[PDB]
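>>> these chains are from a complex, not moved at all, and more is on the way:
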Amino acid sequence: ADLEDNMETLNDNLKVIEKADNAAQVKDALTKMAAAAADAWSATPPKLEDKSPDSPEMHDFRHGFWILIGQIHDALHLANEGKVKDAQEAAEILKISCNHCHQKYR
């Protein structure tokens, strides 16, 4: 997918997590978010179109996806263990990761 459609997938499943009823719903939403972030890994965002893929700025951009995926990784372990509510609370932390990359690069 392109960067914009992966972002739609991130947003849709972030919402699913916040309103989920059970561990299966949380795990499915987290898995979909991680695959969307991994697929967006090599995207160049519009405001960085002039930057080398080997530059400090593009490493910072990808670093934002590493943070997001790492956060999803931990939440998914929690949901695998049945700590659904703790997994759901990880959405508050994820949201900041969204905001931070958006405020620098969107």
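Structure received. Numbers count the residues shown, from 1 in each chain, chains lettered A, B, ... in the order given.

>>> chain center to stretch A:4-15: distance?
Relative to its parent chain, stretch A:4-15 has a centroid offset of 8 Å by CA atoms, centre = their mean, to the nearest Å.

>>> kindly apply the preceding question to stretch A:70-78 instead.
With CA atoms, centre = their mean as the basis, the mean position of stretch A:70-78 lies at 11 Å from the chain mean.

>>> any idea how far the helix ranked longest in chain A is from the chain center?
The longest helix of chain A (DSSP state H) is helix A:56-80. Centroid separation for helix A:56-80 versus its chain: 7 Å, with CA atoms, centre = their mean.

>>> cool, and stretch A:20-35?
For stretch A:20-35, the distance to the chain centre is 12 Å (CA atoms, centre = their mean).

>>> which one is the residue most central in space within chain A nearest to, not counting chain neighbours?
With distances taken as CA atoms, centre = their mean, residue A:68 lies nearest the centre of chain A, 4.5 Å away. Distance criterion CB to CB, 6 or more residues apart in numbering; nearest residue to residue A:68, sequence neighbours excluded, is residue A:97 at 4.7 Å. Every C-beta, even on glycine, is put in place using the N, C-alpha and C of the backbone.

>>> sequence below should go in as chain B:
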Amino acid sequence: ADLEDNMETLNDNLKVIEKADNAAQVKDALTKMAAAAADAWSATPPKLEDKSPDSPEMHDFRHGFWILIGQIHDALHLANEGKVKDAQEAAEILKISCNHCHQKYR
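That brings us to chain B, laid onto the chains above:
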């Protein structure tokens, strides 16, 4: 890229790190490895073609890529900081992650 091509990229660049003599070369190889792993994230390997994408096996498959990318992540900070020899030694750990996934799913 397909799974086999991402693996060639992982293989080529792990050997680069093992033979490298400067920080820029290690950083460049680490970034290529991470992009290949992120691109391989949603691949289904031949031995899991019968498995549901939500199966435990496919989560465990993707989990091996998270481990690898996480190791690359820390090594890339060490390389960014000048600790070239430490970043280079992280290839010994990287290799164990290669072996573990291969033993299970290759």
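
>>> distance of the residue nearest to the centre of chain A from chain B?
12 Å (CB to the nearest CB, to the nearest Å).

>>> who are the contact partners of that residue?
The contact partners of residue A:68, by CB atoms under 8 Å, 6 or more residues apart in numbering or on different chains, come to A:33, A:37, A:94, A:97, A:98, A:101.

>>> the spatially closest residue to residue A:70 that is not a sequence neighbour: neighbour count?
Excluding the flanking residues, the one nearest residue A:70 by CB to CB, 6 or more residues apart in numbering or on different chains is residue B:70, at 6.9 Å. By other CB atoms under 10 Å in any protein chain shown, 16 other residues sit near residue B:70.

>>> tell me how far residue B:70 lies from residue A:82.
Using CB to CB, to the nearest Å, residue B:70 is found at 24 Å from residue A:82.

>>> still on that earlier bit, nearest to residue B:89, out of the contacts of residue A:68: which one, please.
Comparing the contacts of residue A:68 against residue B:89 with CB to CB places residue A:37 closest, at 28.5 Å.

>>> attach chain C to the model above:
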Amino acid sequence: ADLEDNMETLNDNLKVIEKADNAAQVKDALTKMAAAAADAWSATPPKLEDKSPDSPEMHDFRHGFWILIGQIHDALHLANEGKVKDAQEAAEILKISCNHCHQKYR
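Alright, chain C goes in next:
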């Protein structure tokens, strides 16, 4: 130090980071926070005195320190790469970890 002492050290240095210039003020605050969190690792907080250190609740308690230390860990790499602004911005996510533990166990 006891838990209350380490919490003050976290609180003071969390404020130092938000109100800092230069990698030095930030690095030094992060280093002290990591040492305080590590020293707190095995503390039994009042609301869990009836739980054994093998209980699920005590694992969930320590797990909140792992999240905190992992965030400090990444912030310190950023500060050591000269990314003082990005390091200072970790303070927002750190505070969320403070609050998530407090809401359950303080």
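
>>> check the contacts of residue A:68 one more time with chain C there.
Residue A:68 touches A:33, A:37, A:94, A:97, A:98, A:101, counting by CB under 8 Å, 6+ apart.

>>> check residue A:11 too.
No contacts exist for residue A:11 under CB under 8 Å, 6+ apart.

>>> circling back to that earlier point, dump the contacts of residue A:68 to CSV, plus secondary structure, distance to residue C:47 and neighbour count.
Output for the contacts of residue A:68, formatted as CSV (DSSP: H, G, I helix; E, B strand; the rest coil; distance: CB to CB, whole Å; neighbours: other CB atoms under 10 Å in any protein chain shown):
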residue, secondary structure, distance to residue C:47, neighbour count
A:33, helix, 32, 27
A:37, helix, 36, 24
A:94, helix, 27, 19
A:97, helix, 29, 20
A:98, helix, 32, 16
A:101, helix, 36, 18
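
>>> dump those to CSV, plus distance to residue C:24.
Formatted as CSV, those follow (distance: CB to CB, whole Å):
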residue, distance to residue C:24
A:33, 37
A:37, 34
A:94, 31
A:97, 27
A:98, 31
A:101, 27
